[PDB]
Amino acid sequence: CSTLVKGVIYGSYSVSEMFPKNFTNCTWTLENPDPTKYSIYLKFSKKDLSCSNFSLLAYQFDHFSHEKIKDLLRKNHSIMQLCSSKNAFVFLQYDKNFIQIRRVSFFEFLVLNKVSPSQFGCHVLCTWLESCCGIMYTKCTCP
Amino acid sequence: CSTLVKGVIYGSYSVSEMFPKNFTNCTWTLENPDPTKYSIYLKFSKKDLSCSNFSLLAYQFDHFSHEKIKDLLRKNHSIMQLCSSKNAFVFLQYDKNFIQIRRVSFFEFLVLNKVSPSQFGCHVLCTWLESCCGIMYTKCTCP
Amino acid sequence: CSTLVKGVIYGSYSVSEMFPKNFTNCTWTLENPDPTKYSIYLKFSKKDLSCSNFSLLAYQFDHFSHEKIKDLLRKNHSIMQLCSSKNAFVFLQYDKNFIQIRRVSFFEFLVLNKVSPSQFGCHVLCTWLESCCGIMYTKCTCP
Amino acid sequence: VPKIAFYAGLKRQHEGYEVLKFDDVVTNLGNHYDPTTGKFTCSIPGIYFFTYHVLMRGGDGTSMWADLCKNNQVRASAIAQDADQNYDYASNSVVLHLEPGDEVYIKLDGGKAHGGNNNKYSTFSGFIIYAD
Amino acid sequence: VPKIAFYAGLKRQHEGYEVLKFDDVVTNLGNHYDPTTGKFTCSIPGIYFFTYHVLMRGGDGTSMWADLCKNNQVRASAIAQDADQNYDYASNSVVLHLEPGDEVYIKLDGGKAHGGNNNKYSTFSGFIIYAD
Amino acid sequence: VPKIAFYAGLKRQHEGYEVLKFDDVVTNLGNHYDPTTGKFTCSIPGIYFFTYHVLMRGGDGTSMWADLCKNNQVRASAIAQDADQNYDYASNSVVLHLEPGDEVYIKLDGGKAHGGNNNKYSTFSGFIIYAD
Ligand SMILES: [Ca+2]
Ligand SMILES: [Ca+2]
Ligand SMILES: [Ca+2]
Ligand SMILES: [Ca+2]
Ligand SMILES: [Ca+2]
Ligand SMILES: [Ca+2]
Ligand SMILES: [Ca+2]
């Protein structure tokens, strides 16, 4: 159970859409087209997200390797706990080749251009600036 | 009517010499041998320069194209107006591939080495330091 | 009379060992494996070293050329005088391709890694930190 | 044997996401490179080697991507980056297989190149190694 | 007569002193390059040309050495360095003579390389020019 | 195809507007490269490919120009620049047409090249592709 959304500047996915399988063990992946050029910003909505019988693991990596994912999970020192996040909205930045969210209420990402952000890209991020609180923002400035 | 002085570290030209044609529409050009290495400094003298029936346009570009010159002229937001310069001496720096002066009292230029200026080059520029006033001077220092 | 100790991270040489020839005119050389990567640190012990009838010249160069050594000696503006050193221990740094000590009580050197010093390399240098006094030390820190 | 080999410097400055047109053609053996468009159009199928050196313009722009694009796919990527805005190269070399019509070209992917005039700082070299 | 020529990008990032395994093979004529090990094993003795471009990993690591090693000896060395931690290439190019079994490969000698998936920023190119 | 191909590293440090003498000769097929002078003298006319990588010295020197000069004219220019005085390569590749007697060589046009001893950081590669 592994689907990867390869080419998208932006994308809004519901929990049901990103995991359209009855089996609770599935991985949803987002490939960064070019980490030299783009930085992927993730946004998590907990307005209707629930974790009664589901675990939300947010992490990044560089290459497809099951042993790598297992070792990262066993590390358990920097993996994001979406369910155990105090703030309603979770903002994450992932400047690495791959982003994968696995399953063990929607969320939107943004493949922003690192040095020359597009008009739409910086507009979406300026809307995410409504965090509230420490956040990561880029060079492009918007009120 | 287009003459270009290609290889010269230094050069002194009178208004008559740089435009040796009866027709008032002529262009005088100075090619920078290597903009990675050299920065061309221009010097303008208004001691006997007159613009009763002549227009002095000072500008720069990168490639020979009449359309480019026309578009630059229609821009007219940063083109130097030698005739309408309050100061007697006009000092200009042009770190671009080409320098062209067109006609619609002399002037001297200097193809200085940007990082390792020669003994003669930094000497000529040190004499041009007698502007008076805002000037652009290079790394090499001289009393 | 020229021996060169090519491959050694560390090396302890006595005056007799580095010059095992009856002739008083001999050169002992130490080739830096990679100056882009390594910086050679020298250490001189004057506990039993004597210069009653011997001259200790410490210098560096880039390529094997007798004329280069002669010109450097005739320069005599930065060549180290081991015999005429007030402090008992002499610490020298040589970030150049070759190090040669010529003869006209031991000494130890260290081919340290410039950017990623090894565990042993930084340990040896931390022991040399016991100069006493101005010394040259690298990024790696040790009490 | 087929003799295809070219080399051309970059006479004019480029910027943005435009195909680099290396007009300073030193060699165009076979006339398989077109400086007006800047594309090397294969005609004899075979395995070609292309190298490109693209000087990032100094002074403005701290990053420049020059991707050797084959047809509509990026077959190599080069990034010239310098936080102090120096003259760093975005160079790379490829050994691609080409069929007739395959237009191999260097396309800027978000930076300003350097116009060397006749200096030939930024270049585009390439030759056929074997013919299929 | 013999057609040996390869080109491969660096799909996975590397670090330290490990042989670079360019697993993004675009050309592998003769199948004389092995992405699993990352070594071009000569089979037909002759004079070969190899070029490698290895992008230093941006962000972390101010220096990176990528030496084209022939068997157990460094036939070329390239250093990518940037005090501001930019993307600089440790590229170099060699024309080596090779006997059968000579494994030519690019081996990091410090610093971290960049893994570009299918981008092919960091490449390893090489072909046989002559055979004995 | 007559076999002309060479590759040599920079054993000795260089500085200023002097021809680079790559004395660390690895390949000198045909003995058409002379490390004592540092010039590749063509003998059989034809289309040649030359690439040079010239590491500039770390420490002293902020910019270094290494132009592949063909006889008395600059057939390519490379600038290695780093405001932080790092190591950067002034590399470039050319595909030049050469007549007998033409002397292709890399001449520094400012700055100091790095003397890599046997490391072969700064290199000069080149081979004949076609014999006219
Ligand atoms: Ca790209
Ligand atoms: Ca090495
Ligand atoms: Ca570079
Ligand atoms: Ca030049
Ligand atoms: Ca750089
Ligand atoms: Ca820099
Ligand atoms: Ca800096």
Side-chain angles (χ1 to χ4, degrees), chain B residues 1-20 23-45 51 55-64 72 79-80 82-83 89-118 120-122 124-128 135-138 140, chain D residues 9-13 24 57-59 114-121, chain F residues 73-74 77 109:
Chain B
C1 193
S2 175
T3 167
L4 166 138
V5 191
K6 192 181 294 288
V8 269
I9 309 180
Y10 179 89
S12 301
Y13 285 102
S14 56
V15 43
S16 180
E17 182 162 9
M18 61 182 308
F19 299 113
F23 208 175
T24 62
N25 282 333
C26 285
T27 61
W28 182 92
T29 325
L30 161 63
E31 170 172 3
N32 196 334
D34 199 5
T36 60
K37 218 172 316 179
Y38 311 106
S39 318
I40 298 193
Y41 289 68
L42 306 195
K43 176 174 187 176
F44 293 115
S45 61
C51 302
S55 167
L56 282 184
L57 305 171
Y59 61 88
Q60 58 182 345
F61 55 95
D62 280 297
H63 48 238
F64 277 157
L72 286 158
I79 276 185
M80 184 54 56
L82 307 179
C83 304
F89 276 154
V90 174
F91 293 142
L92 290 179
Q93 180 182 3
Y94 283 99
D95 320 321
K96 199 176 285 186
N97 204 309
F98 285 92
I99 287 88
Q100 188 180 76
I101 292 183
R102 64 173 39 176
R103 227 255 194 83
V104 180
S105 172
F106 342 99
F107 97 107
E108 317 92 5
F109 59 85
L110 172 69
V111 179
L112 190 57
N113 203 268
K114 201 176 313 188
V115 59
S116 311
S118 54
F120 180 76
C122 192
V124 176
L125 202 62
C126 192
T127 55
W128 294 358
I135 340 94
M136 259 304 187
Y137 58 105
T138 182
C140 80
Chain D
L10 194 65
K11 206 191 296 286
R12 292 175 269 105
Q13 159 159 17
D24 198 354
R57 158 151 203 81
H114 178 264
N117 194 342
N118 301 283
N119 281 328
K120 310 170 197 57
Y121 281 90
Chain F
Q73 58 214 10
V74 169
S77 306
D109 258 302

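Chain A is the first sequence line, chain B the second, and so forth, proteins listed ahead of strands; every chain is numbered from 1. Side-chain atoms are counted along with the backbone in the values below, which use heavy atoms only and exclude waters and symmetry mates.
Closest approach of B:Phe106 to B:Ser14, counting heavy atoms only: CD2-CB, 3.5 Å.
Residues B:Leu112 and B:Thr138 meet the side-chain proximity criterion, which asks for heavy atoms closer than 4.5 Å. Annotation: side chain of D:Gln13 is not in contact with side chain of D:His114 (no heavy-atom distance under 4.5 Å). Annotation: side chain of B:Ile101 is in contact with side chain of B:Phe19 (closest heavy-atom distance under 4.5 Å). Side-chain contact check for B:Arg103 versus B:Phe23: every heavy-atom pair is 4.5 Å or farther apart. Looking at heavy atoms from C-beta onward, B:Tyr13 lies in side-chain contact with B:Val5 at the 4.5 angstrom threshold. Between B:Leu92 and B:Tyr41, the closest side-chain pair of non-hydrogen atoms is not below 4.5 Å.
Residues meeting the side chain to side chain donor-acceptor pair (under 3.5 Å) test with B:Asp95, sequence neighbours left out: B:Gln93. Judged as a side chain to side chain donor-acceptor pair (under 3.5 Å), and not counting sequence neighbours, B:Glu108 has no contacts. Shown here are the salt bridge (charged side-chain N to carboxylate O under 4.0 Å, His left out) partners of B:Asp34, two or more places apart in sequence or in another chain: B:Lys37. Under the side chain to side chain contact (heavy atoms under 4.5 Å, CB included) criterion, B:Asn32 pairs with B:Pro35, B:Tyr38, B:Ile40, B:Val111, not counting sequence neighbours. Among residues two or more places apart in sequence or in another chain, the side chain to side chain donor-acceptor pair (under 3.5 Å) test is passed with B:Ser12 by B:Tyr10. Taking B:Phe98 as the reference, B:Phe61, B:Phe64 meet the ring pair (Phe, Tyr, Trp, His ring centres under 6.0 Å) condition, with sequence neighbours excluded. Partners of B:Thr3 by side chain to side chain contact (heavy atoms under 4.5 Å, CB included), not counting sequence neighbours, listed by chain and number: B:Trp28. Partners of B:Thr29 according to the side chain to side chain donor-acceptor pair (under 3.5 Å) rule, which considers only residues two or more places apart in sequence or in another chain, are B:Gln100.
Looking only at distances, no side-chain donor or acceptor of B:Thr24 sits under 3.5 Å from a matching main-chain atom of B:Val104. Using a distance-only test at 3.5 Å, with no hydrogens or angles considered, a donor-acceptor pair links the side chain of B:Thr27 to the main chain of B:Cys1.
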* Asked: Can you list the steps and then say if D:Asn119 with F:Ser77 is a side-chain contact (heavy atoms from CB on, under 4.5 Å)?
  -> CA-CA 6 Å; D:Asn119 281 328; F:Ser77 306; 4.0 Å; yes
* Asked: Do B:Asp62 and B:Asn97 pass the side chain to side chain donor-acceptor pair (under 3.5 Å) test, and can you show the C-alpha distance, the side-chain angles, and the key distance before you say yes or no?
  -> CA-CA 5 Å; B:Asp62 280 297; B:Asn97 204 309; 5.0 Å; no
* Apply the test side-chain contact (heavy atoms from CB on, under 4.5 Å) to residues D:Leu10 and D:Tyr121: give CA-CA distance (whole Å), side-chain angles for both, the deciding distance (0.1 Å), then the verdict. => CA-CA 7 Å; D:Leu10 194 65; D:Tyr121 281 90; over 6 Å; no
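A distance of 7.5 Å separates CH2 of B:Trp128 from CG of B:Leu42, quoted to the nearest 0.5 Å. In this structure, B:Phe109 CZ and B:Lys43 NZ are separated by 14.0 Å, a value rounded to the nearest 0.5 Å. With rounding to the nearest 0.5 Å, the separation of CG in D:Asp24 from NZ in D:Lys120 is 4.5 Å. Between B:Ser105 atom OG and B:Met18 atom CE the span is 9.5 Å, to the nearest 0.5 Å. Distance OG/B:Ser45 to CG/B:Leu82: 10.0 Å, rounded to 0.5 Å. Between the OG atom in B:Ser39 and the NZ atom in B:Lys114 there is a gap of 4.0 Å [rounded to 0.5 Å].
Listed by first and then second residue, the salt bridge (charged side-chain N to carboxylate O under 4.0 Å, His left out) pairs that reach into residues 5-15 of chain B are B:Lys6-B:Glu31, sequence neighbours excluded.
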